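Have a look at model_30.csv below; it lists CSV, N, CA and C atoms.
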```
chain,number,residue,atom,x,y,z
A,11,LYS,N,-12.1,5.2,14.9
A,11,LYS,CA,-13.0,5.1,13.7
A,11,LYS,C,-12.5,3.8,12.9
A,12,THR,N,-13.5,3.1,12.4
A,12,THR,CA,-13.3,1.9,11.5
A,12,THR,C,-12.6,2.2,10.2
A,13,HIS,N,-12.8,3.5,9.7
A,13,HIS,CA,-12.2,4.0,8.5
A,13,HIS,C,-11.6,5.4,8.7
A,14,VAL,N,-10.5,5.6,8.0
A,14,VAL,CA,-9.7,6.9,8.1
A,14,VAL,C,-9.3,7.3,6.6
A,15,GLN,N,-9.6,8.6,6.4
A,15,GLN,CA,-9.4,9.3,5.1
A,15,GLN,C,-7.9,9.6,5.0
A,16,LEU,N,-7.2,9.0,4.0
A,16,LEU,CA,-5.7,9.3,3.8
A,16,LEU,C,-5.5,9.8,2.4
A,17,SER,N,-4.5,10.6,2.2
A,17,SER,CA,-3.9,11.0,0.9
A,17,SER,C,-2.5,10.3,0.8
A,18,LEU,N,-2.4,9.3,0.0
A,18,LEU,CA,-1.1,8.5,-0.1
A,18,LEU,C,-0.3,9.1,-1.2
A,19,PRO,N,1.0,9.5,-1.0
A,19,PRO,CA,1.9,9.9,-2.0
A,19,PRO,C,2.2,8.8,-3.0
A,20,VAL,N,2.1,9.0,-4.3
A,20,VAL,CA,2.3,8.0,-5.3
A,20,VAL,C,3.8,8.1,-5.7
A,21,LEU,N,4.7,7.2,-5.4
A,21,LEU,CA,6.1,7.2,-5.7
A,21,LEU,C,6.4,6.4,-7.0
A,22,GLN,N,7.4,6.8,-7.7
A,22,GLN,CA,8.0,6.0,-8.8
A,22,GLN,C,8.9,4.9,-8.2
A,23,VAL,N,8.7,3.7,-8.6
A,23,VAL,CA,9.4,2.5,-8.1
A,23,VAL,C,10.9,2.8,-8.0
A,24,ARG,N,11.5,3.4,-9.0
A,24,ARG,CA,13.0,3.6,-9.0
A,24,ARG,C,13.5,4.6,-8.0
A,25,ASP,N,12.5,5.4,-7.4
A,25,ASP,CA,12.9,6.5,-6.4
A,25,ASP,C,12.9,5.8,-5.0
A,26,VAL,N,12.2,4.7,-4.8
A,26,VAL,CA,11.9,4.2,-3.5
A,26,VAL,C,13.2,3.7,-2.8
A,27,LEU,N,13.4,4.3,-1.6
A,27,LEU,CA,14.7,4.0,-0.9
A,27,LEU,C,14.5,2.8,0.1
A,28,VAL,N,13.3,2.6,0.6
A,28,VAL,CA,13.0,1.4,1.5
A,28,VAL,C,11.9,0.6,0.8
A,29,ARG,N,12.2,-0.6,0.3
A,29,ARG,CA,11.4,-1.3,-0.7
A,29,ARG,C,10.5,-2.4,-0.1
A,30,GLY,N,10.5,-2.5,1.2
A,30,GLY,CA,9.4,-3.2,1.8
A,30,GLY,C,9.3,-2.9,3.3
A,31,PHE,N,8.3,-3.5,4.0
A,31,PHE,CA,8.0,-3.2,5.4
A,31,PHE,C,8.6,-4.2,6.3
A,32,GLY,N,9.2,-5.2,5.8
A,32,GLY,CA,9.8,-6.2,6.7
A,32,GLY,C,9.8,-7.6,6.1
A,33,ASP,N,9.9,-8.6,6.9
A,33,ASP,CA,10.4,-10.0,6.6
A,33,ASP,C,9.4,-11.1,6.8
A,34,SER,N,8.2,-10.8,7.3
A,34,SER,CA,7.1,-11.7,7.5
A,34,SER,C,5.8,-11.1,7.0
A,35,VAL,N,4.8,-11.8,6.7
A,35,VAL,CA,3.4,-11.4,6.3
A,35,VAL,C,2.9,-10.5,7.5
A,36,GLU,N,3.0,-11.1,8.7
A,36,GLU,CA,2.4,-10.4,9.9
A,36,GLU,C,3.2,-9.1,10.1
A,37,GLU,N,4.5,-9.1,9.9
A,37,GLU,CA,5.3,-7.9,10.2
A,37,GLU,C,5.0,-6.8,9.1
A,38,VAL,N,4.8,-7.1,7.9
A,38,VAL,CA,4.6,-6.1,6.8
A,38,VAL,C,3.3,-5.4,7.0
A,39,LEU,N,2.2,-6.2,7.3
A,39,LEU,CA,0.9,-5.7,7.6
A,39,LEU,C,0.9,-4.8,8.8
A,40,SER,N,1.6,-5.2,9.8
A,40,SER,CA,1.8,-4.4,11.1
A,40,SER,C,2.4,-3.1,10.7
A,41,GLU,N,3.5,-3.1,10.0
A,41,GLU,CA,4.4,-2.0,9.7
A,41,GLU,C,3.6,-1.1,8.7
A,42,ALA,N,2.9,-1.6,7.8
A,42,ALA,CA,2.1,-0.9,6.8
A,42,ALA,C,1.0,-0.1,7.5
A,43,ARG,N,0.3,-0.7,8.5
A,43,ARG,CA,-0.7,0.0,9.3
A,43,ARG,C,-0.1,1.1,10.1
A,44,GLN,N,1.1,0.8,10.8
A,44,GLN,CA,1.7,1.9,11.6
A,44,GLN,C,2.1,3.1,10.7
A,45,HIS,N,2.6,2.8,9.5
A,45,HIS,CA,3.1,3.9,8.6
A,45,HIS,C,1.9,4.7,8.0
A,46,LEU,N,0.8,4.0,7.7
A,46,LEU,CA,-0.5,4.6,7.3
A,46,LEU,C,-1.0,5.6,8.4
A,47,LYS,N,-1.0,5.1,9.6
A,47,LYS,CA,-1.4,6.0,10.8
A,47,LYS,C,-0.5,7.2,10.9
A,48,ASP,N,0.8,7.0,10.8
A,48,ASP,CA,1.9,8.0,11.0
A,48,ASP,C,2.1,8.9,9.8
A,49,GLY,N,1.4,8.7,8.7
A,49,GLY,CA,1.5,9.5,7.4
A,49,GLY,C,2.9,9.3,6.8
A,50,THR,N,3.5,8.1,7.0
A,50,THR,CA,4.8,7.8,6.4
A,50,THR,C,4.7,6.6,5.5
A,51,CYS,N,3.6,6.5,4.7
A,51,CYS,CA,3.3,5.4,3.8
A,51,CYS,C,3.2,5.9,2.4
A,52,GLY,N,3.9,5.4,1.5
A,52,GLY,CA,3.8,5.7,0.0
A,52,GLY,C,3.1,4.6,-0.7
A,53,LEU,N,2.7,4.9,-2.0
A,53,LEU,CA,2.0,3.9,-2.8
A,53,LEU,C,2.7,3.9,-4.1
A,54,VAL,N,3.0,2.7,-4.6
A,54,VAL,CA,3.6,2.5,-6.0
A,54,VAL,C,2.6,1.8,-6.8
A,55,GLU,N,2.2,2.3,-8.0
A,55,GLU,CA,1.2,1.7,-8.9
A,55,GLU,C,1.9,0.5,-9.6
A,56,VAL,N,1.2,-0.6,-9.6
A,56,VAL,CA,1.8,-1.9,-10.1
A,56,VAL,C,1.6,-1.9,-11.6
A,57,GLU,N,2.7,-2.0,-12.3
A,57,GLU,CA,2.8,-2.2,-13.8
A,57,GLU,C,3.9,-3.3,-14.0
A,58,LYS,N,4.2,-3.7,-15.2
A,58,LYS,CA,5.2,-4.7,-15.6
A,58,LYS,C,6.5,-4.3,-15.1
A,59,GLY,N,7.2,-5.2,-14.4
A,59,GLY,CA,8.5,-5.0,-13.8
A,59,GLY,C,8.6,-4.2,-12.5
A,60,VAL,N,7.4,-3.8,-12.0
A,60,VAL,CA,7.4,-3.0,-10.7
A,60,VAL,C,7.7,-4.0,-9.5
A,61,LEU,N,7.0,-5.1,-9.4
A,61,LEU,CA,7.0,-5.9,-8.2
A,61,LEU,C,8.4,-6.6,-8.0
A,62,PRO,N,9.1,-7.0,-9.1
A,62,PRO,CA,10.4,-7.6,-8.9
A,62,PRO,C,11.5,-6.6,-8.4
A,63,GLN,N,11.2,-5.3,-8.4
A,63,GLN,CA,12.1,-4.3,-7.9
A,63,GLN,C,11.7,-4.0,-6.4
A,64,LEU,N,10.7,-4.5,-5.9
A,64,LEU,CA,10.3,-4.4,-4.5
A,64,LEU,C,10.6,-5.7,-3.7
A,65,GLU,N,10.6,-5.6,-2.4
A,65,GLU,CA,10.9,-6.7,-1.5
A,65,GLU,C,9.6,-7.4,-1.1
A,66,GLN,N,9.6,-8.7,-1.1
A,66,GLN,CA,8.5,-9.5,-0.5
A,66,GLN,C,8.8,-9.7,1.0
A,67,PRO,N,7.8,-9.9,1.9
A,67,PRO,CA,6.4,-9.9,1.5
A,67,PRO,C,5.9,-8.5,1.1
A,68,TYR,N,5.0,-8.4,0.1
A,68,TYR,CA,4.4,-7.2,-0.5
A,68,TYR,C,3.1,-6.9,0.4
A,69,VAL,N,2.8,-5.6,0.5
A,69,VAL,CA,1.5,-5.2,1.1
A,69,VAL,C,0.8,-4.4,-0.1
A,70,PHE,N,-0.4,-4.9,-0.5
A,70,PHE,CA,-1.3,-4.2,-1.5
A,70,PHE,C,-2.4,-3.5,-0.7
A,71,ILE,N,-2.8,-2.3,-1.2
A,71,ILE,CA,-4.2,-1.8,-1.0
A,71,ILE,C,-5.1,-2.3,-2.1
A,72,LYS,N,-6.2,-2.8,-1.8
A,72,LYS,CA,-7.2,-3.3,-2.7
A,72,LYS,C,-8.6,-2.7,-2.5
A,73,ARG,N,-9.3,-2.4,-3.5
A,73,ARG,CA,-10.7,-1.8,-3.5
A,73,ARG,C,-11.6,-2.8,-2.7
A,74,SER,N,-12.2,-2.3,-1.6
A,74,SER,CA,-13.1,-3.1,-0.7
A,74,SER,C,-14.5,-2.9,-1.1
A,75,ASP,N,-14.8,-1.9,-1.9
A,75,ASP,CA,-16.2,-1.4,-2.2
A,75,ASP,C,-16.2,-0.5,-3.4
A,76,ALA,N,-17.4,-0.4,-4.1
A,76,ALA,CA,-17.7,0.5,-5.2
A,76,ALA,C,-18.8,1.5,-4.7
A,79,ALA,N,-17.2,5.4,-3.0
A,79,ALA,CA,-16.0,6.2,-2.8
A,79,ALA,C,-16.4,7.5,-2.1
A,80,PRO,N,-16.6,7.5,-0.8
A,80,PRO,CA,-17.0,8.7,0.0
A,80,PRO,C,-16.0,9.8,-0.2
A,81,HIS,N,-16.5,11.0,-0.6
A,81,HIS,CA,-15.7,12.3,-0.6
A,81,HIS,C,-14.5,12.2,-1.6
A,82,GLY,N,-14.6,11.3,-2.6
A,82,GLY,CA,-13.6,11.0,-3.6
A,82,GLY,C,-12.6,9.9,-3.1
A,83,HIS,N,-12.6,9.5,-1.8
A,83,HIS,CA,-11.7,8.5,-1.2
A,83,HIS,C,-12.3,7.1,-1.5
A,84,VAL,N,-11.5,6.3,-2.2
A,84,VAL,CA,-11.8,4.9,-2.5
A,84,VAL,C,-11.6,4.0,-1.3
A,85,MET,N,-12.6,3.2,-1.0
A,85,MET,CA,-12.5,2.3,0.2
A,85,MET,C,-11.6,1.1,-0.1
A,86,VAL,N,-10.6,0.9,0.7
A,86,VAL,CA,-9.5,-0.1,0.5
A,86,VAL,C,-9.3,-0.8,1.8
A,87,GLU,N,-8.6,-2.0,1.6
A,87,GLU,CA,-8.1,-2.8,2.7
A,87,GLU,C,-6.8,-3.4,2.3
A,88,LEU,N,-6.0,-3.9,3.3
A,88,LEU,CA,-4.6,-4.4,3.1
A,88,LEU,C,-4.7,-5.9,2.9
A,89,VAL,N,-3.9,-6.4,1.9
A,89,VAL,CA,-3.6,-7.8,1.6
A,89,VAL,C,-2.1,-8.0,1.3
A,90,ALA,N,-1.5,-8.9,2.1
A,90,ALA,CA,-0.1,-9.2,1.9
A,90,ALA,C,0.1,-10.4,0.9
A,91,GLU,N,1.2,-10.5,0.2
A,91,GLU,CA,1.6,-11.6,-0.7
A,91,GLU,C,3.0,-12.0,-0.4
A,92,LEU,N,3.2,-13.3,-0.3
A,92,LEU,CA,4.6,-13.9,-0.1
A,92,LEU,C,4.6,-15.2,-0.9
A,93,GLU,N,5.6,-15.3,-1.8
A,93,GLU,CA,5.7,-16.5,-2.7
A,93,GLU,C,4.4,-16.9,-3.3
A,94,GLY,N,3.6,-15.9,-3.8
A,94,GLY,CA,2.4,-16.1,-4.7
A,94,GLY,C,1.2,-16.5,-3.9
A,95,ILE,N,1.3,-16.4,-2.5
A,95,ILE,CA,0.1,-16.7,-1.6
A,95,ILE,C,-0.2,-15.3,-1.0
A,96,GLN,N,-1.5,-14.9,-1.1
A,96,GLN,CA,-2.1,-13.7,-0.6
A,96,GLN,C,-2.8,-14.0,0.7
A,97,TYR,N,-2.7,-13.1,1.7
A,97,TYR,CA,-3.3,-13.3,3.1
A,97,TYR,C,-4.3,-12.2,3.2
A,98,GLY,N,-5.6,-12.5,3.0
A,98,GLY,CA,-6.7,-11.5,2.8
A,98,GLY,C,-7.3,-11.7,1.4
A,99,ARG,N,-8.5,-11.2,1.3
A,99,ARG,CA,-9.3,-11.4,0.1
A,99,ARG,C,-10.0,-10.0,-0.2
A,100,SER,N,-9.8,-9.4,-1.3
A,100,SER,CA,-10.4,-8.0,-1.6
A,100,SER,C,-10.4,-7.8,-3.1
A,101,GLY,N,-10.8,-6.6,-3.5
A,101,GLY,CA,-11.0,-6.3,-4.9
A,101,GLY,C,-9.7,-5.9,-5.6
A,102,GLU,N,-9.8,-5.0,-6.6
A,102,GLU,CA,-8.7,-4.6,-7.5
A,102,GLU,C,-7.6,-3.9,-6.8
A,103,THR,N,-6.4,-4.3,-7.1
A,103,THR,CA,-5.1,-3.6,-6.5
A,103,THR,C,-5.1,-2.2,-7.0
A,104,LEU,N,-5.0,-1.3,-6.0
A,104,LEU,CA,-4.7,0.2,-6.3
A,104,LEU,C,-3.2,0.4,-6.3
A,105,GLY,N,-2.4,-0.4,-5.7
A,105,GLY,CA,-1.0,-0.4,-5.8
A,105,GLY,C,-0.3,-1.1,-4.6
A,106,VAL,N,1.0,-1.0,-4.5
A,106,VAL,CA,1.8,-1.7,-3.4
A,106,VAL,C,2.3,-0.6,-2.5
A,107,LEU,N,2.1,-0.8,-1.1
A,107,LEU,CA,2.6,0.2,-0.1
A,107,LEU,C,4.1,0.0,0.2
A,108,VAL,N,4.7,1.1,0.4
A,108,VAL,CA,6.2,1.1,0.8
A,108,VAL,C,6.3,2.2,1.9
A,109,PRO,N,7.3,2.1,2.7
A,109,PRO,CA,7.7,3.3,3.6
A,109,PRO,C,7.9,4.5,2.7
A,110,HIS,N,7.5,5.7,3.1
A,110,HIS,CA,7.8,7.0,2.6
A,110,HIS,C,8.9,7.7,3.4
A,111,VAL,N,10.0,8.0,2.9
A,111,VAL,CA,11.1,8.6,3.6
A,111,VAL,C,11.6,9.9,2.9
A,112,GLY,N,10.6,10.6,2.3
A,112,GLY,CA,10.9,12.0,1.7
A,112,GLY,C,11.0,11.9,0.2
A,113,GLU,N,10.8,10.8,-0.5
A,113,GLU,CA,10.8,10.8,-1.9
A,113,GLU,C,9.7,11.7,-2.5
A,114,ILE,N,10.0,12.4,-3.6
A,114,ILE,CA,9.0,13.3,-4.2
A,114,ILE,C,8.0,12.5,-5.0
A,115,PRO,N,6.7,12.7,-4.6
A,115,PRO,CA,5.6,12.0,-5.3
A,115,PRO,C,5.3,12.5,-6.7
A,116,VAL,N,4.6,11.7,-7.5
A,116,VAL,CA,4.1,12.1,-8.9
A,116,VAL,C,2.6,12.4,-8.8
A,117,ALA,N,2.0,12.1,-7.6
A,117,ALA,CA,0.5,12.2,-7.4
A,117,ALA,C,0.2,11.7,-6.1
A,118,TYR,N,-1.1,11.9,-5.7
A,118,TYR,CA,-1.8,11.5,-4.5
A,118,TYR,C,-3.0,10.7,-4.8
A,119,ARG,N,-3.1,9.5,-4.1
A,119,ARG,CA,-4.3,8.6,-4.2
A,119,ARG,C,-5.1,8.8,-2.9
A,120,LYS,N,-6.3,9.4,-2.9
A,120,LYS,CA,-7.2,9.5,-1.8
A,120,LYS,C,-7.9,8.2,-1.6
A,121,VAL,N,-7.8,7.7,-0.3
A,121,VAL,CA,-8.3,6.3,0.0
A,121,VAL,C,-9.0,6.5,1.4
A,122,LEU,N,-10.0,5.6,1.6
A,122,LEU,CA,-10.6,5.4,2.9
A,122,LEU,C,-10.2,4.0,3.4
A,123,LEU,N,-9.3,4.0,4.4
A,123,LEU,CA,-8.7,2.8,4.9
A,123,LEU,C,-9.5,2.1,6.0
A,124,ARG,N,-10.0,0.9,5.8
A,124,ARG,CA,-10.6,0.0,6.9
A,124,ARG,C,-9.5,-0.3,7.9
A,125,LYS,N,-9.5,0.4,9.0
A,125,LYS,CA,-8.5,0.3,10.1
A,125,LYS,C,-9.1,-0.4,11.3
```
Please render this file's structure as structure tokens.
Amino acid sequence: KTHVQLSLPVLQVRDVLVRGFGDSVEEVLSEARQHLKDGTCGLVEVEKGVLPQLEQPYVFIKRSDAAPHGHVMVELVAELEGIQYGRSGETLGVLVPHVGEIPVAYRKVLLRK
């Protein structure tokens, strides 16, 4: 399927134990996609002081469309040193590995896979 319904656990930035997906734009996008498929991907909502506490390159989910079954349509965009690789809508948050942190909420998304 070109799209997959996921429920992403929303983590508090200070709880996150693994703060990025790797060391290159291509690796973080690869790893983000693998974790999303394996249900081991968390979401951190971006506010002031969140991103400096995570590791670059960042992986964002961004709104790709204006929401089937409550799931917002999203796609992946990486950022490294202020350059983004991909073009999409509003940031829903930054993806991180999930390794058993307790979530504060769930974000229903439809991921363009």
List every protein, DNA or RNA residue that has at least one atom no more than 5 Å from (2.2, -6.2, -0.9) in the file's coordinates, counting all atoms listed in the file, and write the result as a PyMOL selection string. chain A and resi 67-70+90-91
Serialized selection, N, CA and C atoms, as a PDB file, in the frame of the given file:
```
ATOM      1  N   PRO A  67       7.800  -9.900   1.900  1.00  0.00           N
ATOM      2  CA  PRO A  67       6.400  -9.900   1.500  1.00  0.00           C
ATOM      3  C   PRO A  67       5.900  -8.500   1.100  1.00  0.00           C
ATOM      4  N   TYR A  68       5.000  -8.400   0.100  1.00  0.00           N
ATOM      5  CA  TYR A  68       4.400  -7.200  -0.500  1.00  0.00           C
ATOM      6  C   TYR A  68       3.100  -6.900   0.400  1.00  0.00           C
ATOM      7  N   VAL A  69       2.800  -5.600   0.500  1.00  0.00           N
ATOM      8  CA  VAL A  69       1.500  -5.200   1.100  1.00  0.00           C
ATOM      9  C   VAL A  69       0.800  -4.400  -0.100  1.00  0.00           C
ATOM     10  N   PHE A  70      -0.400  -4.900  -0.500  1.00  0.00           N
ATOM     11  CA  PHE A  70      -1.300  -4.200  -1.500  1.00  0.00           C
ATOM     12  C   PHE A  70      -2.400  -3.500  -0.700  1.00  0.00           C
ATOM     13  N   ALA A  90      -1.500  -8.900   2.100  1.00  0.00           N
ATOM     14  CA  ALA A  90      -0.100  -9.200   1.900  1.00  0.00           C
ATOM     15  C   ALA A  90       0.100 -10.400   0.900  1.00  0.00           C
ATOM     16  N   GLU A  91       1.200 -10.500   0.200  1.00  0.00           N
ATOM     17  CA  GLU A  91       1.600 -11.600  -0.700  1.00  0.00           C
ATOM     18  C   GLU A  91       3.000 -12.000  -0.400  1.00  0.00           C
TER      19      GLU A  91
END
```
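The space separating atom C of residue 65 (chain A) from atom N of residue 32 (chain A) comes to 7.3 Å.
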Could you pull the residues within 6 Å of region 113-121 of chain A, counting only N, CA and C atoms, minus those fewer than 3 positions along the same chain, as a ChimeraX atom specification? /A:14-22,82-86,110
Selection above as a file: N, CA and C atoms, as a short mmCIF file (atom, residue, chain, number, x, y, z; two decimals), in the frame of the given file:
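Once everything was written out, this is part.cif:
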```
data_model
loop_
_atom_site.label_atom_id
_atom_site.label_comp_id
_atom_site.auth_asym_id
_atom_site.auth_seq_id
_atom_site.Cartn_x
_atom_site.Cartn_y
_atom_site.Cartn_z
N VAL A 14 -10.50 5.60 8.00
CA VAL A 14 -9.70 6.90 8.10
C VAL A 14 -9.30 7.30 6.60
N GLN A 15 -9.60 8.60 6.40
CA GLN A 15 -9.40 9.30 5.10
C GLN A 15 -7.90 9.60 5.00
N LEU A 16 -7.20 9.00 4.00
CA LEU A 16 -5.70 9.30 3.80
C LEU A 16 -5.50 9.80 2.40
N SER A 17 -4.50 10.60 2.20
CA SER A 17 -3.90 11.00 0.90
C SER A 17 -2.50 10.30 0.80
N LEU A 18 -2.40 9.30 0.00
CA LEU A 18 -1.10 8.50 -0.10
C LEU A 18 -0.30 9.10 -1.20
N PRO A 19 1.00 9.50 -1.00
CA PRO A 19 1.90 9.90 -2.00
C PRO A 19 2.20 8.80 -3.00
N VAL A 20 2.10 9.00 -4.30
CA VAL A 20 2.30 8.00 -5.30
C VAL A 20 3.80 8.10 -5.70
N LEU A 21 4.70 7.20 -5.40
CA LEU A 21 6.10 7.20 -5.70
C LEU A 21 6.40 6.40 -7.00
N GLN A 22 7.40 6.80 -7.70
CA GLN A 22 8.00 6.00 -8.80
C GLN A 22 8.90 4.90 -8.20
N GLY A 82 -14.60 11.30 -2.60
CA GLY A 82 -13.60 11.00 -3.60
C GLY A 82 -12.60 9.90 -3.10
N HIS A 83 -12.60 9.50 -1.80
CA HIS A 83 -11.70 8.50 -1.20
C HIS A 83 -12.30 7.10 -1.50
N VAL A 84 -11.50 6.30 -2.20
CA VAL A 84 -11.80 4.90 -2.50
C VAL A 84 -11.60 4.00 -1.30
N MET A 85 -12.60 3.20 -1.00
CA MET A 85 -12.50 2.30 0.20
C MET A 85 -11.60 1.10 -0.10
N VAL A 86 -10.60 0.90 0.70
CA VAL A 86 -9.50 -0.10 0.50
C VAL A 86 -9.30 -0.80 1.80
N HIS A 110 7.50 5.70 3.10
CA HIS A 110 7.80 7.00 2.60
C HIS A 110 8.90 7.70 3.40
#
```
Could you pull out the helix (DSSP H, G or I) residues of chain A, going by DSSP on the backbone, and write them as a ChimeraX atom specification? /A:23-25,35-48,61-63,80-82
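The interatomic distance for the pair atom N of residue 87 (chain A) and atom C of residue 109 (chain A) works out to 17.8 Å.
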Just the number, please: distance in Å from CA of residue 43 (chain A) to atom N of residue 31 (chain A), one decimal. 11.0 Å
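Each of A:111, A:104, A:95, A:42 was compared to residue 72 (chain A) using only C-alpha atoms, and A:104 turns out to be the nearest.
You can rank A:96, A:66, A:125, A:103 by their closest distance to residue 38 (chain A) using only C-alpha atoms, and at the top of that list sits A:66.
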Which of region 11-122 of chain A counts as strand (DSSP E or B) under DSSP, as a ChimeraX atom specification please? /A:13-20,51-54,68-73,84-92,95-97,103-109,117-122
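When all atoms listed in the file are used to compute distances to residue 99 (chain A), the closest of the residues A:51, A:74, A:81, A:112 turns out to be A:74.
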